[PDB]
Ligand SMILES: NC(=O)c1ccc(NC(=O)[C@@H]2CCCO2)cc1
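Okay, here we've got a single chain as structure tokens, the form solved without this ligand, with questions on binding and movement later.
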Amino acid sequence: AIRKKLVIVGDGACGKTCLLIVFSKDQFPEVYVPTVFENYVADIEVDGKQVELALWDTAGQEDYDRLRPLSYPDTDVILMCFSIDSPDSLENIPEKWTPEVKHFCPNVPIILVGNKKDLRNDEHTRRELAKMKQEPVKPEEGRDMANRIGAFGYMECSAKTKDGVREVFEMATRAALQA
């Protein structure tokens, strides 16, 4: 197995920590959802290739511009997350997160991931967003942002139901393996 490093970035409300927890346990915790994620090394076999994929979160580093870049050395793939229940988290992708990752991780593939996709059709979410003249992020809005920022691709998932989570990490492994 070859060793690769993945880092997830995005705003504090994007669901990055929950995504790493659900993937690393293959389960949405039934008793207690952890507040933080330390690290994990996943054994993944994608398209016949075995990889040890080390996983890292940047949660807690969003306000600290000199500490946060210490998470980036030798990253092989970036997951850049936003929450589908937060058009504000998607607005911060192109001119805050993208220029930072392009600077510290040149030529590293970025996968833009829309988290919490289960909230797109949640009535409570639609009511709260309508008070700020907003609506859940549409799939075309996510794909267009991924296209504009030069992402390797666009994916969606729900940490709550686990739908799409395995696929995001198998594709991140393929992106990390590419020349």
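Take the two forms, superpose them, and find the largest set of C-alpha atoms that agree within 1.5 Å; that set is the rigid core. Residues that one form lacks are left out of the comparison. We number the residues from 1 along the sequence you see.
The form solved in complex with this ligand is left out here; the points below concern that form.
Enquirer: Please run the contact check for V165 against this ligand in the entry with it bound: heavy atoms, 4.5 angstroms, yes or no?
Expert: Result yes; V165 sits at the interface with this ligand in the entry with it bound.
Enquirer: Test of understanding: in the entry with it bound, would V22 fall inside 4.5 Å of this ligand by heavy atoms?
Expert: Heavy-atom contact with this ligand at 4.5 Å: present for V22.
Enquirer: Counting only non-hydrogen atoms and a 4.5 angstroms cut-off, does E128 reach this ligand in the entry with it bound?
Expert: No - in the entry with it bound, heavy atoms of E128 and this ligand never come within 4.5 Å of each other.
Enquirer: For the stretch 27-46, which residues lie within 4.5 Å of this ligand in the entry with it bound by non-hydrogen atom distance?
Expert: Heavy-atom contacts within 4.5 Å come from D43, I44, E45.
Enquirer: Superposing the core, which one of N147, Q27, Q50, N39 shows a C-alpha shift reaching 2 Å or more between this form and the one not shown?
Expert: Residue with a C-alpha shift of 2 Å or more: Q27.
Enquirer: After fitting on the rigid core, list every run of 3 or more consecutive residues where each C-alpha shifts 2 Å or more between this form and the one not shown, in sequence order.
Expert: The segment that shifts (3 or more residues, C-alpha shift of 2 Å or more) is 26-28 alone.
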